[PDB]
């Protein structure tokens, strides 16, 4: 049983899969935004949020061909270095014996203007976004895995 969790704003589990939408006019992907809430067993503590790895989407036929992914949470960019979101900025409301934050935006941003390992090729790209959350001052990690897919039009 985790001390903290990240759920959708309706109380459902975070999606474990996201398919991004391509926009041919700009040769890039739309941002994908998920409305979320933080659950905690201590409303005096904040949360530390990071990625377990730099997320990238690899072309399924040539995984050397890679599209970098950016992830923002609560209006802050995430990286492999943890950031702390103070309890005051989460606006925790009492839900039974535990506490739930106001709605926080989680956004996934594949940037096809910065493809590496070759040029922008049509077809399918895949990668994982792996988000790690801990309560401030605690070490117990909760990991959210999101399998991301994205097709470039051609």
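Numbering follows the first chain given and starts at 1.
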123-131 set against 88-96, stretch whose average Cα temperature factor tops the other in the entry: 88-96
Residue range whose averaged C-alpha B-factor is higher in the record, 10-18 or 133-141: 133-141
Identity of residue with top Cα B-factor, from 115, 60, 69, 38: 115
CA B-factor ranking of residue 110, expressed as a third of its chain: middle
CA B-factor ranking of residue 148, expressed as a third of its chain: lowest
Chain-wide C-alpha B factor ranking for residue 26, given as lowest, middle or highest third: highest
Assigned third (lowest, middle, highest) for the C-alpha B factor of residue 43: highest
